[PDB]
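>
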Amino acid sequence: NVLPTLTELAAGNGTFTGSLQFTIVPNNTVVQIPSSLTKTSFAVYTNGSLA
Amino acid sequence: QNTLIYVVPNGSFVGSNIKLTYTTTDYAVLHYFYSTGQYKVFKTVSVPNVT
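Chain order of the listed sequences is G and H.
When the letters of the first sequence are read in order and numbered with the deposited numbering, they come out as residues 1142 to 1192.
When the letters of the second sequence are read in order and numbered with the deposited numbering, they come out as residues 837 to 887.
1. Mind listing the chain G neighbours of residue 878 of chain H? Cutoff is C-beta to C-beta under 7 angstroms, in chain order.
2. According to DSSP, simplified to helix, strand and coil, what is residue 1148 of chain G?
3. Three or more beta-carbon pairs under 8 angstroms between the segment 1171-1182 of chain G and the segment 850-868 of chain H, yes or no?
4. Which residue marks the beginning of the alpha helix (DSSP H) containing residue 857 of chain H, and which one marks its end?
5. With the cut-off set at 8 angstroms, would you say residue 879 of chain H and residue 1152 of chain G are in Cβ contact?
6. Smallest Cα separation from residue 1171 of chain G: which of G/1144, G/1156 and G/1188?
7. Hey, residue 1159 of chain G and residue 1145 of chain G: beta-carbon distance below 8 angstroms or not?
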């Protein structure tokens, strides 16, 4: 269990607290913007991946 | 004889609270329920977040 164990804050309360971190790891996804509307093409690698 | 009084300054009024921890006055009760976590009992009384 790499997930942290949510520890209750009080006896018979119902609130459990832990920790959750997030980051962005870039990935590859080609998006083509034609030159018919911008006079210059754009090959865009998108956001990435949420981790 | 049975009254407890908690007084807090102006800045500590929001969420001022008392936690009561009752422990057995018995050696056997401490020894036999250390693993179960039910040899001391704790509860809390706090100033409610009121509208």
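Every residue, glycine too, gets a C-beta built ideally from N, C-alpha and C.
So, from the data block:
1. Correct list: 1152.
2. For residue 1148 of chain G, the secondary structure class from DSSP, reduced to helix, strand or coil, is strand.
3. These segments do not touch.
4. That residue, residue 857 of chain H, is in no alpha helix (DSSP H); its beta strand (DSSP E) goes 853-859.
5. Yes. Within cutoff.
6. The shortest C-alpha separation from residue 1171 of chain G is found at G/1188.
7. Between residue 1159 of chain G and residue 1145 of chain G, the C-beta spacing is below 8 angstroms.
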